[PDB]
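Okay, here we've got a single chain as structure tokens, the form deposited in one PDB entry, with questions on binding and movement later.
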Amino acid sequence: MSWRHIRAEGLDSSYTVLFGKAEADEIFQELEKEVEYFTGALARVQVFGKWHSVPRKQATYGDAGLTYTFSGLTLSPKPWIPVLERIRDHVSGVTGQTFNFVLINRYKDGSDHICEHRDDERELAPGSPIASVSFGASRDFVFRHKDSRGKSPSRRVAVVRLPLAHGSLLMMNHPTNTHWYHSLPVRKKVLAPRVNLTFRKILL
């Protein structure tokens, strides 16, 4: 397996196709069968005083005994299922990084998306990386420097763009999530679903 080292000012990420086509195909099928996504309040978000559905399905899974913050609430992730443990194990076996939690985001097509954000690190093990594993449709992913955002950016730091392919792993290492925002922009020409798993190491 070949790794791409993604580097810029305050950006340190690595990218590889971690699962080959056949394995990634099987995993995608099993995720589509088995993952249980949020419904009701957890699938709603208020933005600028207006309520909308979250523009992607979400779920969490993790180790027994864990809790996390999401919406309004302190919540417990669902118990691991084997397909998720298969993925986690291969990530940990290759990288030596260990994870106790995963956020799953399912993008039905190019109209599902996630706006520019930094992962909330408050309840994460200090300095821990986040492993982003993708199955299904390739989707464009964008890194934008925190001081290069908006109408009149303080700095004109180059955006870093890359497609996240079927079976790929993007490792995002400290201090990427301090200095850079990332997003999965709307791509209306993408008609097929994508399931993304972001593994994290949360505080007990």
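From 1 onward, residues are counted along the sequence shown. If you superpose the two forms and keep the largest set of C-alpha atoms that fall within 1.5 Å, you have the rigid core.
Just so you know, the form deposited in another entry exists too; it's not on screen, but the next bit is about it.
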| item | value |
| --- | --- |
| Rigid core superposition, residue 50 Cα moves 2 angstroms or more between the shown form and the other one | yes |
| Threshold 2 Å Cα movement between the shown form and the other one for residue 177, core superposed | yes |
| Shift of residue 70 between the shown form and the other one at or above 2 Å (CA, core fit) | yes |
| Cα-Cα trend for residue 176 and residue 125, given that in the other form the distance shifts by 3 Å or more | closer |
| Direction of C-alpha distance change in the other form, residue 140 to residue 177 (at least 3 Å) | farther |
